[PDB]
Number of protein chains: 4
Amino acid sequence: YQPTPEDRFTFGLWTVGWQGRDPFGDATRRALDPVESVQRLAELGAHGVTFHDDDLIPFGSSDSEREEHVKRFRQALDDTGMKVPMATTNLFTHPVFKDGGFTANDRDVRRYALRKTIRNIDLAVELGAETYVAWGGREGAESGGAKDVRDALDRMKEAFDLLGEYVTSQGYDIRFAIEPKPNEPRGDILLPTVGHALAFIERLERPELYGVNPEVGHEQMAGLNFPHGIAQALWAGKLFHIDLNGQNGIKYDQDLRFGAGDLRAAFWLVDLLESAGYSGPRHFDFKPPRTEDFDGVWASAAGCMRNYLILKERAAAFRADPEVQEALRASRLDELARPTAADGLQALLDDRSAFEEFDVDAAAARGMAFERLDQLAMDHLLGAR
Amino acid sequence: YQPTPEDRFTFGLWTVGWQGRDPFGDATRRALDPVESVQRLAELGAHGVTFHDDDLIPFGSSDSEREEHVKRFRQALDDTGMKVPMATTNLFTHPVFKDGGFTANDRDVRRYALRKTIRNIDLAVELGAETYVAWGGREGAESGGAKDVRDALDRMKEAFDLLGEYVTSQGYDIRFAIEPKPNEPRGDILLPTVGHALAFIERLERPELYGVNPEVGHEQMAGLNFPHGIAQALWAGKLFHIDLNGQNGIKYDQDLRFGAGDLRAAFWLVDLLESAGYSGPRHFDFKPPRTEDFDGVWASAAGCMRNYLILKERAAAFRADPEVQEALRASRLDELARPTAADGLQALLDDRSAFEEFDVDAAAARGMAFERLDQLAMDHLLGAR
Amino acid sequence: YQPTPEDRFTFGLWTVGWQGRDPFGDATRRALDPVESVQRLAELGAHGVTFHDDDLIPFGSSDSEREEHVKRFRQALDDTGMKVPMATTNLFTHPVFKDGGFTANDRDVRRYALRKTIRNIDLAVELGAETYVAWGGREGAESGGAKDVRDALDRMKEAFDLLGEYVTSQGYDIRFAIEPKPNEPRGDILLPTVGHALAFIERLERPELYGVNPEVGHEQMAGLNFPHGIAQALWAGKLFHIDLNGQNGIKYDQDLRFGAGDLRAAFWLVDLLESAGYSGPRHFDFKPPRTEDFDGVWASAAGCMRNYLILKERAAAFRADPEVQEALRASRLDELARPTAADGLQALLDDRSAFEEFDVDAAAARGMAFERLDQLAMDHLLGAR
Amino acid sequence: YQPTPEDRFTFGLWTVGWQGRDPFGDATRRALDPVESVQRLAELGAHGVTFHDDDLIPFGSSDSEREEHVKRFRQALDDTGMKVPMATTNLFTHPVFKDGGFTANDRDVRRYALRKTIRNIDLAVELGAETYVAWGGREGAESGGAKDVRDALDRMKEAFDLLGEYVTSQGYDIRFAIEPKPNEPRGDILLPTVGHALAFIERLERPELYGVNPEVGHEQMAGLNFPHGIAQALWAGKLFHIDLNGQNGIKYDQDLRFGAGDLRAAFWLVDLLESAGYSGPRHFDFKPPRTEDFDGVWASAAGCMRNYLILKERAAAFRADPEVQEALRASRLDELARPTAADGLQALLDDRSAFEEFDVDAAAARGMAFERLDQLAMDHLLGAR
Ligand SMILES: O=C([O-])[C@@H](O)[C@H](O)CO
Ligand SMILES: O=C([O-])[C@@H](O)[C@H](O)CO
Ligand SMILES: O=C([O-])[C@@H](O)[C@H](O)CO
Ligand SMILES: O=C([O-])[C@@H](O)[C@H](O)CO
Ligand SMILES: [Mn+2]
Ligand SMILES: [Mn+2]
Ligand SMILES: [Mn+2]
Ligand SMILES: [Mn+2]
């Protein structure tokens with residue numbers, strides 16, 4: 001289960017770079033140089049890295065330090081063959097963003113948020129990114145009077161429309177991916193789920209520029225079925241990117257390595273990405289636990305990839321099993337894929353077999369046979385066929 | 001705090017009619033006649049009632065019993081002045097619906113679900129309903145292999161498009177309202193939140209026929225901020241109807257009377273409906289606890305209305321208070337309502353005050369003053385100004 | 001992975017017997033005869049069954065019907081070799097129990113609850129049960145004023161002390177096991193977790209007669225770590241019995257078959273029961289989903305046992321792996337098992353290496369190596385070593 | 001609603017002192033001097049303050065800096081009349097504690113944790129504290145193999161027994177209060193609830209030295225009823241201290257000011273503390289949101305006290321209302337307080353009215369009248385009688 005660059009595994013700088021500061025504790029690990037992380041991830045078999053502006057260029061850098069940091073970065077990419085498929089903006093760490101970036105009550109802050117974003121879109125384009133992620137982690141409230149949400153959605157729409165105007169005017173080939181989260185660090189965050197982000201996108205001036213970047217642990221913080229929300233994003237044509245990690249139910253965001261947390265959900269996710277043929281990056285947004293030293297960091301990054309590859313194998317074996325294919329027909333998955341009424345509405349209304357003469361007790365009596373199908377899935381996951 | 005019919009308070013037949021059967025216990029109360037409920041609710045000050053088909057007409061009724069049940073109903077409405085603003089279909093109780101109605105794997109079931117729905121749209125129109133609710137409580141799964149969600153959304157879209165075709169062909173003035181729920185009675189339900197239903201509506205052939213019917217307790221079962229999700233529905237123009245009740249956090253749907261559960265959320269909800277000028281029904285989808293006799297039923301129904309009226313008064317007092325209006329300006333709610341960049345994109349990019357010369361430390365230092373604003377809200381709710 | 005009676009797998013009558021009535025739907029399956037369930041479970045390899053009084057003897061049975069039902073039951077046990085290790089009382093279904101059994105506000109109800117319980121303890125003893133389970137599913141409240149919890153604990157203590165007096169006066173060899181649940185069907189249930197039940201037991205007159213019966217899905221409805229709570233019960237010497245099932249996070253009790261739900265938790269549970277040498281029944285308190293026909297019932301019951309046996313094998317392989325044993329030492333699990341200060345308090349206080357001369361930066365720098373250990377556990381679970 | 005020192009309101013140094021660093025953002029406020037906080041809280045009407053060792057004395061302070069910090073502190077207390085009723089140890093911030101203090105896998109760490117604790121017990125005694133709090137926020141795990149919980153409880157018991165030996169040998173008048181939390185910052189924390197801490201205390205060598213310090217938001221992070229868990233602590237005689245704050249359901253610990261979060265729970269809590277006559281400190285463990293400047297800090301601290309006093313008034317009015325007293329009798333709260341069977345076991349068994357002749361249908365038919373009682377409580381809370 002060895003990754004290669006063709007598996008499209010990517011990692012944020014901030015993930016293996018996390019120093020282990022939590023709301024209750026100091027850093028447990030020294031800061032990593034981005035060029036060290038690029039080299040180490042390349043050796044583990046990753047395909048590329050991603051970044052916040054402030055991960056790569058220290059906040060407040062002069063134009064001469066900026067160019068130096070970028071030059072060193074670019075030399076590490078050249079030396080390793082690593083790519084940069086995605087980039088994003090930090091609109092959450094600096095105190096100026098304490099009430100949000102694009103929906104901060106202070107208008108001057110909202111203008112600054114857009115300027116900081118636009119500067120990094122130029123850099124992302126230069127480094128070859130295809131996807132620009134937006135996680136509005138500070139957009140929201142701890143109290144009901146602090147935020148008018150209708151006004152706040154107006155401001156959010158305004159920001160993303162200006163960003164779409166910018167990209168089209170520059171002729172850039174870059175699309176946006178909005179990342180939902182229900183809470184943390186705000187009491188409640190705006191566009192808290194995949195469904196809310198999809199809905200929002202349909203009100204933008206150019207909807208085709210925008211999709212979603214869902215994260216495993218974010219949807220699970222609302223107790224939601226992550227493979228179901230991804231299915232809906234896939235159905236809408238809007239899965240531009242994805243963030244992979246693990247989460248043990250409804251609590252703070254744990255950012256565990258991928259395959260930890262809800263292991264059956266992880267299985268069904270890989271089953272779906274692979275059978276839909278998702279072709280974007282498999283990006284890990286995770287944190288090596290602060291218990292770990294740098295050896296435990298690279299072990300944790302490597303287990304992300306390993307668990308993806310093991311679950312790919314098991315899901316492929318599942319779908320390829322003739323016994324499973326028979327069980328799928330036993331459960332009428334083939335009938336779910338057929339139109340309900342391709343005959344059309346009038347034929348439906350004239351069909352006595354659909355109502356007047358429908359035997360509802362014989363239909364009610366048919367078993368769905370889902371438990372046998374689910375134990376086949378369990379046997380396949382566990383390698384116990 | 002006496003309701004009148006002009007407050008637009010409505011109740012489902014199934015709410016005061018709930019016999020108290022739960023997954024662990026038998027009924028504790030005898031079945032109510034719909035005409036008794038109509039009379040009793042009228043005396044309490046309600047404006048109207050709503051129904052599932054099977055609430056009003058016993059499942060399997062002959063065309064002659066059907067007409068009898070409708071005739072008696074209609075006489076009670078005439079005798080009381082009660083209206084019927086909304087109706088809906090039961091696609092969840094009968095065993096035939098054990099795998100869903102519109103997304104049941106069995107195609108014959110899906111055709112039957114549509115026929116049963118269409119029959120009751122005709123009746124709803126006859127009784128004057130303006131809104132037709134669809135809660136797909138059986139659409140979903142307990143296991144990952146049982147349901148392909150992309151196929152299932154295809155089937156769901158197909159069903160609602162056929163219903164839109166029906167209504168337009170009949171020339172009916174009726175709109176649809178999809179009611180989300182995240183789980184229960186299915187392991188996971190399709191379109192689990194307001195955001196997922198809004199998003200889904202944008203893929204229908206005629207989106208303007210469809211809005212949402214959110215329920216307090218449903219969104220709270222995902223730990224979500226109900227007033228935030230309603231704000232988003234209002235922003236999209238899609239709040240066609242609403243279901244009011246109470247819920248104590250993430251557990252089974254409790255259906256407590258409105259104002260129980262999360263009381264501050266209830267306050268902020270009423271604040272928002274009243275200040276947005278929502279004009280639809282204030283419908284209660286609640287269950288008098290099975291501890292109660294018929295006296296406790298009507299006491300519980302009456303407290304729904306009472307708590308709405310008390311919170312309306314307190315929210316109105318809050319917004320009218322000059323001290324609050326000053327606090328709102330202190331917190332820059334006035335600035336949230338102003339465009340970020342009406343000057344447009346090029347002016348933004350040339351504005352040195354937005355970036356080059358923006359003093360981010362002075363901006364970071366400004367307090368938001370949200371805690372003083374939130375304690376004013378608390379003092380107003382509690383009548384402690 | 002074939003069970004035999006020596007695996008000590010047991011099932012409630014109510015589990016494979018569940019007709020599929022839920023708060024939103026009618027039964028989907030006909031009632032099973034207890035003697036049919038005994039025969040079917042025997043053929044699948046189970047060791048025994050358990051019962052509520054009202055599962056075996058229809059509520060209101062005459063003394064002559066009672067004896068008939070028991071006689072038929074007893075013939076099926078004799079014909080199959082099945083045992084009855086545990087029994088319990090239904091104090092939740094009948095409407096008289098709507099406010100509880102042992103903590104009902106009505107004193108006459110509380111006396112009736114005890115009489116109904118005592119009658120079934122005699123029967124349990126006759127059928128050979130060693131453990132008497134008490135799940136007070138109706139003990140609790142939907143509202144704060146309805147229940148004084150101090151008085152209610154007085155009443156609960158009183159009930160269990162009278163039951164301990166009864167058993168000792170009869171000379172029975174039977175112990176009690178209290179089953180916690182946090183909510184459902186009450187808004188909140190008294191003794192909501194393992195910890196609350198353990199604590200409560202220490203105030204009874206004869207604490208040694210009482211232990212706990214934890215259920216997987218119950219603790220998970222509070223978002224708690226089930227193997228951690230079982231460890232604590234084992235540490236206290238109070239794991240008298242256990243209920244096995246699956247649960248997908250914080251929602252209604254799903255009662256999924258064992259191994260569904262949280263699969264890694266299931267792994268760590270089996271690891272702990274087997275390495276502590278728990279020797280009681282492995283009892284399944286589950287419900288075949290109402291999607292299923294009788295074939296899906298027996299498939300679901302069989303997957304309970306199968307998943308237990310697969311996880312036993314994987315956990316045994318994990319602990320036996322020399323590479324794992326090395327990793328456990330790398331992570332200092334050996335040091336956790338050593339006394340902190342067997343040298344005693346004064347030696348601790350005089351030890352300059354414990355404070356004055358303790359190098360806290362060198363200690364802070366040591367990695368715990370937990371991620372490598374956790375990926376070994378993952379590889380072992382998935383059969384990917 | 002003005003507090004005075006006789007209300008026994010206390011605050012941690014770390015609460016108004018929180019600089020606003022969160023897992024995603026830098027500090028938004030400068031560090032406060034402890035002597036400034038003492039002066040400011042005194043002016044607001046507080047009775048005293050509490051501290052971690054490291055709040056008062058910077059970690060690594062020399063014996064000469066230590067004495068200086070203590071001397072200045074003590075002068076502020078003398079100048080204001082503020083007391084120090086409780087103190088505690090920081091065993092969570094420094095990286096050495098990344099795997100715990102008293103249950104760290106490294107034995108040398110566990111010895112250091114005890115030495116650091118003992119040093120601050122001496123200081124607490126000198127400053128007059130009566131209660132010593134222990135929150136083991138780092139005791140737990142992110143993965144199943146990292147922590148044997150039986151060994152870990154052995155180590156936890158060992159630590160608290162050595163601390164009990166120390167206090168008794170010094171002749172100190174100080175008791176311990178264990179503070180539960182279910183998760184955060186560890187994946188799962190040991191003794192996750194009130195019930196688990198109560199149970200644990202019963203295995204210590206001297207149980208009478210130990211009680212609990214529950215926190216509102218901690219129990220609510222498990223979805224539990226906080227007034228119910230406090231009732232159980234009161235029933236056991238173990239409420240030594242309490243931490244007051246607000247929490248909006250199951251997510252990260254929000255630490256909102258008291259009365260925010262679940263307002264009805266806050267009402268029922270104050271009702272219970274006041275009617276049980278709890279006489280310990282009313283301590284606020286809260287964080288002014290990082291949106292706030294120092295003015296919003298003191299406004300937030302003041303609203304803690306204000307909301308307590310308003311809810312005290314409303315709960316007192318509730319219990320004093322003759323209409324409520326009648327409703328309480330209607331709901332049979334008077335009967336809950338009477339023994340079930342003071343007549344004893346044999347009389348119970350011979351009582352034909354308890355079983356043979358018990359009319360279970362007439363008993364089942366009685367309403368509990370809880371909804372009318374709960375609306376009286378609602379009217380009283382809202383000042384709408
Ligand atoms: O999820 C988060 O928390 C971030 O890493 C987000 O993906 C990018 O800002
Ligand atoms: O919410 C539910 O559970 C139903 O009352 C729905 O509003 C209509 O079918
Ligand atoms: O858990 C439940 O819900 C019951 O089966 C309990 O174990 C026995 O009454
Ligand atoms: O609750 C926490 O998080 C701490 O303030 C605890 O009360 C004392 O260490
Ligand atoms: Mn992310
Ligand atoms: Mn509803
Ligand atoms: Mn159980
Ligand atoms: Mn605390």
# chains A, B, ... in the order shown; residues from 1 in each chain; ligands from 1
$ residues_near_ligand --ligand "ligand 4" --cutoff "9 Å" --atoms "only C-alpha atoms and all ligand atoms" --output "PyMOL selection string"
(chain A and resi 24) or (chain D and resi 12+14-15+51-52+87-92+133-137+179-181+184+213-215+217-218+243+253+255+285-286)
$ residues_around --residues "residue C:41" --least-positions-apart "5" --cutoff "12 Å" --atoms "only C-alpha atoms" --output "ChimeraX atom specification"
/C:3-5,9-13,15-17,34-36,46-50,76-77,80-83,284,297-302,304-305
$ write_last_selection --atoms "N, CA, C and O atoms" --output "CSV table (one decimal), in the first residue's frame"
chain,number,residue,atom,x,y,z
C,3,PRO,N,-20.0,-19.4,15.6
C,3,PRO,CA,-20.3,-19.4,17.0
C,3,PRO,C,-20.7,-20.8,17.4
C,3,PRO,O,-21.4,-21.5,16.7
C,4,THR,N,-20.2,-21.1,18.6
C,4,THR,CA,-20.8,-22.2,19.4
C,4,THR,C,-21.3,-21.7,20.7
C,4,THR,O,-20.9,-20.6,21.2
C,5,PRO,N,-22.1,-22.5,21.3
C,5,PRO,CA,-22.7,-22.2,22.7
C,5,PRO,C,-21.6,-21.8,23.7
C,5,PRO,O,-21.8,-20.9,24.5
C,9,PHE,N,-22.9,-16.4,23.6
C,9,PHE,CA,-23.8,-15.4,22.9
C,9,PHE,C,-25.3,-15.6,23.3
C,9,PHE,O,-25.8,-16.7,23.1
C,10,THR,N,-25.9,-14.5,23.7
C,10,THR,CA,-27.3,-14.5,24.1
C,10,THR,C,-28.0,-13.3,23.4
C,10,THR,O,-27.4,-12.4,23.1
C,11,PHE,N,-29.3,-13.5,23.4
C,11,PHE,CA,-30.2,-12.6,22.7
C,11,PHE,C,-31.5,-12.4,23.4
C,11,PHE,O,-32.1,-13.4,23.9
C,12,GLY,N,-32.0,-11.1,23.5
C,12,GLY,CA,-33.3,-10.9,24.1
C,12,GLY,C,-34.4,-11.5,23.2
C,12,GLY,O,-34.2,-11.3,22.0
C,13,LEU,N,-35.5,-12.0,23.7
C,13,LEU,CA,-36.7,-12.3,22.9
C,13,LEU,C,-37.2,-11.1,22.1
C,13,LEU,O,-37.7,-11.3,21.0
C,15,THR,N,-35.5,-8.8,20.7
C,15,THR,CA,-34.6,-8.3,19.7
C,15,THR,C,-35.0,-8.9,18.4
C,15,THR,O,-35.5,-8.1,17.6
C,16,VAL,N,-34.7,-10.2,18.1
C,16,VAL,CA,-35.2,-10.8,16.9
C,16,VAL,C,-36.8,-10.8,16.8
C,16,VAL,O,-37.3,-10.9,15.7
C,17,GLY,N,-37.5,-10.6,18.0
C,17,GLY,CA,-38.9,-10.5,18.0
C,17,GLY,C,-39.5,-9.1,17.7
C,17,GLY,O,-40.7,-9.0,17.7
C,34,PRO,N,-42.1,-17.1,21.1
C,34,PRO,CA,-40.9,-17.3,21.8
C,34,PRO,C,-40.2,-18.7,21.5
C,34,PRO,O,-39.0,-18.8,21.4
C,35,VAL,N,-41.2,-19.7,21.3
C,35,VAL,CA,-40.5,-21.1,21.1
C,35,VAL,C,-39.8,-21.1,19.7
C,35,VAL,O,-38.7,-21.7,19.7
C,36,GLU,N,-40.3,-20.5,18.7
C,36,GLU,CA,-39.7,-20.4,17.4
C,36,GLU,C,-38.4,-19.6,17.5
C,36,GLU,O,-37.4,-20.1,16.9
C,46,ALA,N,-26.3,-19.7,19.2
C,46,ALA,CA,-26.4,-19.0,20.4
C,46,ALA,C,-26.4,-19.9,21.6
C,46,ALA,O,-26.7,-21.1,21.6
C,47,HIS,N,-26.1,-19.3,22.8
C,47,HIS,CA,-26.0,-20.1,24.1
C,47,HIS,C,-27.2,-19.9,24.9
C,47,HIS,O,-27.6,-20.8,25.6
C,48,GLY,N,-28.0,-18.8,24.7
C,48,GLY,CA,-29.2,-18.6,25.4
C,48,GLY,C,-30.1,-17.4,25.1
C,48,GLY,O,-29.6,-16.6,24.2
C,49,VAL,N,-31.1,-17.3,25.8
C,49,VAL,CA,-32.0,-16.1,25.6
C,49,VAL,C,-32.3,-15.4,26.9
C,49,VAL,O,-32.1,-16.0,28.0
C,50,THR,N,-32.8,-14.2,26.8
C,50,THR,CA,-33.3,-13.4,28.0
C,50,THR,C,-34.7,-12.9,27.8
C,50,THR,O,-35.1,-13.0,26.6
C,76,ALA,N,-39.1,-25.7,25.1
C,76,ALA,CA,-38.1,-25.4,24.0
C,76,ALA,C,-36.7,-25.3,24.5
C,76,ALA,O,-35.7,-25.7,23.7
C,77,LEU,N,-36.5,-24.9,25.7
C,77,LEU,CA,-35.1,-24.8,26.3
C,77,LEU,C,-34.5,-26.2,26.4
C,77,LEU,O,-33.3,-26.4,26.2
C,80,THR,N,-33.4,-27.7,23.1
C,80,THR,CA,-32.4,-27.1,22.4
C,80,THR,C,-31.0,-27.0,23.3
C,80,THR,O,-30.1,-26.8,22.6
C,81,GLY,N,-31.2,-27.2,24.6
C,81,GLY,CA,-30.0,-26.9,25.4
C,81,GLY,C,-29.8,-25.4,25.6
C,81,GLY,O,-28.7,-25.1,26.1
C,82,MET,N,-30.7,-24.5,25.3
C,82,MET,CA,-30.5,-23.1,25.5
C,82,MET,C,-30.7,-22.7,26.9
C,82,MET,O,-31.6,-23.4,27.6
C,83,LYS,N,-30.0,-21.8,27.4
C,83,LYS,CA,-30.1,-21.3,28.8
C,83,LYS,C,-30.8,-20.0,28.9
C,83,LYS,O,-30.8,-19.3,27.8
C,284,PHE,N,-26.8,-9.6,23.0
C,284,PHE,CA,-27.1,-8.6,22.0
C,284,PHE,C,-28.5,-7.9,22.2
C,284,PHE,O,-29.5,-8.7,22.5
C,297,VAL,N,-34.0,-10.9,9.5
C,297,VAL,CA,-33.8,-11.0,10.9
C,297,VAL,C,-32.7,-12.0,11.3
C,297,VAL,O,-31.9,-11.6,12.2
C,298,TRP,N,-32.8,-13.2,10.8
C,298,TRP,CA,-31.8,-14.2,11.2
C,298,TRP,C,-30.4,-13.8,10.6
C,298,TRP,O,-29.4,-14.1,11.3
C,299,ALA,N,-30.3,-13.1,9.5
C,299,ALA,CA,-29.0,-12.7,9.0
C,299,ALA,C,-28.4,-11.6,9.9
C,299,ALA,O,-27.1,-11.6,10.1
C,300,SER,N,-29.2,-10.8,10.4
C,300,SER,CA,-28.8,-9.7,11.2
C,300,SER,C,-28.3,-10.3,12.6
C,300,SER,O,-27.2,-9.9,13.1
C,301,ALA,N,-29.0,-11.2,13.2
C,301,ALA,CA,-28.6,-11.9,14.5
C,301,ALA,C,-27.3,-12.6,14.3
C,301,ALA,O,-26.4,-12.6,15.1
C,302,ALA,N,-27.2,-13.4,13.1
C,302,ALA,CA,-26.0,-14.0,12.9
C,302,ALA,C,-24.9,-13.0,12.7
C,302,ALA,O,-23.7,-13.4,13.1
C,304,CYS,N,-24.3,-10.3,14.2
C,304,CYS,CA,-23.8,-9.9,15.6
C,304,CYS,C,-22.7,-10.8,16.1
C,304,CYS,O,-21.7,-10.3,16.5
C,305,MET,N,-22.9,-12.1,16.0
C,305,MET,CA,-22.0,-13.1,16.5
C,305,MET,C,-20.7,-13.1,15.6
C,305,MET,O,-19.6,-13.1,16.1
$ atom_distance --atom1 "atom CA of residue B:144" --atom2 "atom CA of residue A:368"
13.7 Å
$ closest_residue --among "A:290, A:74, A:332, A:312" --to "chain C" --atoms "only C-alpha atoms"
A:290
$ interface_residues --of "chain C" --to "chain A" --cutoff "7 Å" --atoms "only C-alpha atoms" --output "list in words"
residues 223, 249, 262, 263, 264, 291, 292, 293, 296, 299, 300, 303, 366, 367, 368, 369, 371, 372, 375, 381, 382 and 383 of chain C
$ write_last_selection --atoms "N, CA, C and O atoms" --output "tab-separated table (two decimals), in the first residue's frame"
chain	number	residue	atom	x	y	z
C	223	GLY	N	-22.25	10.65	23.45
C	223	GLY	CA	-20.96	10.94	22.89
C	223	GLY	C	-19.82	10.43	23.77
C	223	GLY	O	-18.70	10.92	23.53
C	249	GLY	N	-23.47	7.55	16.52
C	249	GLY	CA	-23.34	8.84	17.19
C	249	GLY	C	-24.60	9.23	17.94
C	249	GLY	O	-25.40	8.47	18.48
C	262	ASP	N	-20.00	2.39	15.32
C	262	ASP	CA	-18.64	2.73	15.52
C	262	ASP	C	-17.79	1.46	15.52
C	262	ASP	O	-17.59	0.88	16.56
C	263	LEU	N	-17.31	1.04	14.41
C	263	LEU	CA	-16.45	-0.14	14.28
C	263	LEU	C	-15.10	-0.06	15.07
C	263	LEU	O	-14.90	-1.12	15.67
C	264	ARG	N	-14.35	0.99	15.10
C	264	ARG	CA	-13.13	0.99	15.96
C	264	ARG	C	-13.49	0.85	17.45
C	264	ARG	O	-12.80	0.17	18.25
C	291	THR	N	-36.87	-2.63	7.67
C	291	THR	CA	-36.75	-2.88	6.22
C	291	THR	C	-36.78	-4.41	5.96
C	291	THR	O	-36.94	-4.80	4.77
C	292	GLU	N	-36.48	-5.19	7.00
C	292	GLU	CA	-36.12	-6.61	6.78
C	292	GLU	C	-37.31	-7.57	6.93
C	292	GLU	O	-38.20	-7.29	7.69
C	293	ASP	N	-37.26	-8.68	6.14
C	293	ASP	CA	-38.21	-9.77	6.43
C	293	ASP	C	-37.61	-10.78	7.39
C	293	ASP	O	-36.54	-10.47	7.90
C	296	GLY	N	-33.98	-11.57	6.77
C	296	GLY	CA	-33.06	-10.47	7.16
C	296	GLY	C	-32.99	-10.47	8.72
C	296	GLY	O	-31.87	-10.05	9.16
C	299	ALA	N	-30.27	-13.13	9.49
C	299	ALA	CA	-29.01	-12.69	8.96
C	299	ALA	C	-28.37	-11.63	9.87
C	299	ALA	O	-27.13	-11.62	10.08
C	300	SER	N	-29.23	-10.75	10.36
C	300	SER	CA	-28.77	-9.69	11.25
C	300	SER	C	-28.27	-10.27	12.61
C	300	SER	O	-27.16	-9.87	13.07
C	303	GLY	N	-25.01	-11.87	12.03
C	303	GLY	CA	-23.86	-10.94	11.86
C	303	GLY	C	-23.44	-10.42	13.27
C	303	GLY	O	-22.24	-10.14	13.37
C	366	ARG	N	10.03	14.25	24.75
C	366	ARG	CA	9.95	12.87	24.31
C	366	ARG	C	8.65	12.65	23.54
C	366	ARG	O	7.62	12.94	24.12
C	367	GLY	N	8.71	12.13	22.34
C	367	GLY	CA	7.44	11.74	21.69
C	367	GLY	C	6.69	10.61	22.34
C	367	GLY	O	7.36	9.65	22.85
C	368	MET	N	5.40	10.49	22.32
C	368	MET	CA	4.67	9.35	22.88
C	368	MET	C	4.58	8.19	21.89
C	368	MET	O	4.26	7.11	22.38
C	369	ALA	N	4.83	8.43	20.62
C	369	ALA	CA	4.73	7.41	19.57
C	369	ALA	C	3.39	6.72	19.46
C	369	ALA	O	3.23	5.54	19.04
C	371	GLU	N	0.87	7.52	17.42
C	371	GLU	CA	0.34	7.38	16.03
C	371	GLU	C	0.89	6.11	15.39
C	371	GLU	O	0.13	5.38	14.69
C	372	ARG	N	2.12	5.80	15.64
C	372	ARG	CA	2.62	4.53	15.04
C	372	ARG	C	1.84	3.37	15.69
C	372	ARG	O	1.39	2.44	14.99
C	375	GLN	N	-1.61	3.10	14.15
C	375	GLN	CA	-1.68	2.56	12.80
C	375	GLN	C	-1.43	1.03	12.81
C	375	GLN	O	-2.00	0.34	11.97
C	381	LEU	N	-6.75	-4.50	12.66
C	381	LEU	CA	-8.22	-4.54	12.42
C	381	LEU	C	-8.58	-4.87	10.97
C	381	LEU	O	-9.51	-5.69	10.72
C	382	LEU	N	-7.86	-4.26	9.99
C	382	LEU	CA	-8.22	-4.36	8.60
C	382	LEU	C	-7.59	-5.60	7.93
C	382	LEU	O	-7.91	-5.86	6.80
C	383	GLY	N	-6.72	-6.28	8.67
C	383	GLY	CA	-6.07	-7.49	8.13
C	383	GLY	C	-5.04	-7.08	7.13
C	383	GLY	O	-4.91	-7.80	6.12
$ select_by_dssp --residues "stretch 162-325 of chain D" --states "strand (DSSP E or B)" --output "list in words"
residues 175, 176, 177, 178, 188, 189, 210, 211, 212, 215, 239, 243, 244, 246, 256, 258, 260, 282, 283 and 284 of chain D
$ atom_distance --atom1 "atom CA of residue A:277" --atom2 "atom CA of residue B:161"
27.8 Å
$ select_by_dssp --residues "stretch 118-178 of chain D" --states "helix (DSSP H, G or I)" --output "JSON, numbers by chain"
{"D": [118, 119, 120, 121, 122, 123, 124, 125, 126, 144, 145, 146, 149, 150, 151, 152, 153, 154, 155, 156, 157, 158, 159, 160, 161, 162, 163, 164, 165, 166, 167, 168, 169]}
$ closest_residue --among "A:245, A:168, A:340, A:353" --to "ligand 5" --atoms "only C-alpha atoms and all ligand atoms"
A:245
$ residues_around --residues "residue A:62" --least-positions-apart "6" --cutoff "12 Å" --atoms "only C-alpha atoms" --output "JSON, numbers by chain"
{"A": [68, 69], "B": [356]}
$ atom_distance --atom1 "atom CA of residue B:44" --atom2 "atom CA of residue B:281"
16.2 Å
$ closest_residue --among "A:336, A:189, A:205, A:78" --to "residue B:100" --atoms "only C-alpha atoms"
A:336
$ residues_around --residues "residue D:361" --least-positions-apart "6" --cutoff "10 Å" --atoms "only C-alpha atoms" --output "list in words"
residues 94, 95 and 96 of chain C
